[PDB]
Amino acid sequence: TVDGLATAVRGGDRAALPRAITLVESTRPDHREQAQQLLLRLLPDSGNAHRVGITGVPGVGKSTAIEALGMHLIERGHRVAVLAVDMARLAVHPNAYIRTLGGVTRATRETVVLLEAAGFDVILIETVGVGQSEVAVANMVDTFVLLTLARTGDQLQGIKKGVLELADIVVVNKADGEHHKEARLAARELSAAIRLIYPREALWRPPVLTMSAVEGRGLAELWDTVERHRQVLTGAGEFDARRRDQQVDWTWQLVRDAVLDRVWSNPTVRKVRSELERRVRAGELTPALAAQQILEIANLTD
């Protein structure tokens, strides 16, 4: 019935999909093994989709933009899924589906495989600035979009530094009310910075667009740019290359996390960490000697 579940999901059975996602989200070691066989079976039916990441600060307008984009897309014949890695008009529609960082990252990546196997051709993955969540989403999508504020000199308030460089497309949102002209200036400032950061880029220099997600303006143009991104990368053979690299990278991350977890989650290492850290912070112990004691203690109690 792993085979049964896989037949149901790829056939479009709407009841099978949530159950597969639950199987996939199960931390229970016996479910992990079934989940893996199911994914192995569905892997060949996946990949036929554009995965788009969406980030920006609380209140910048991510969920408003996502609802609007999702309707834009549904009306053009797509089947759209929305996941979040920490929208009522959208969630009612039959062609939409709305649903540790290591743990949530893993469950989200596996869930994408199920959704694509189930016929979803657009996958929107939303995140906020929590820990390393932006990098995790950027590493599982084709196109990563950053929403910013439409204020000259203040577009990136509250964004973790380094996040700008993850973006394939940058959007100055809320380009309405008293800020039409200002949004254009704000966009031109970000474009100037992107030109500095990507001075001789030949394939894809991140465009900067304006949008009013609440007035439904610039959404279509945003999606037109997302499609151009895929077309440009596909013509260079880089769309498939990025995916293959992400998958290999993720494989090694899983290896890393498995071996590091043995140490990090050891209760006795947990008990003595503070004092070993205090001793390092105070110059009483070298980092190499603290590291050795951490490994010795893990080994003694594993």
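The numbering used is simple: start at 1 and walk along the sequence shown.
Gap check for residue 99 to residue 100: 4 to 9 deposited residues are absent from the model. According to the entry, the deposited sequence places 10 or more unmodelled residues between residue 86 and residue 87. Higher mean CA temperature factor between 102-110 and 157-165: 102-110, per the PDB entry.
Taking the mean C-alpha B-factor of each stretch as recorded, 188-196 and 170-178 are not equal, and the higher mean is that of 170-178. Take 59, 47, 235, 29 and read off each C-alpha B-factor from the entry; 29 has the highest.
The entry lists C-alpha B-factors for 273, 242, 51, 256, and the highest of these is at 273. Placement of the Cα temperature factor of residue 248 within the chain: middle third of the modelled residues, per the deposited record.
For residue 55, the recorded CA temperature factor ranks within the lowest third of the chain's modelled residues. When the modelled residues of the chain are ordered by C-alpha B-factor, residue 116 sits in the middle third.
Per the deposited record, the Cα B-factor of residue 134 falls in the middle third when ranked against the other modelled residues of its chain. In this PDB entry, the Cα temperature factor of residue 216 sits in the top third of its chain's modelled residues, the highest group.
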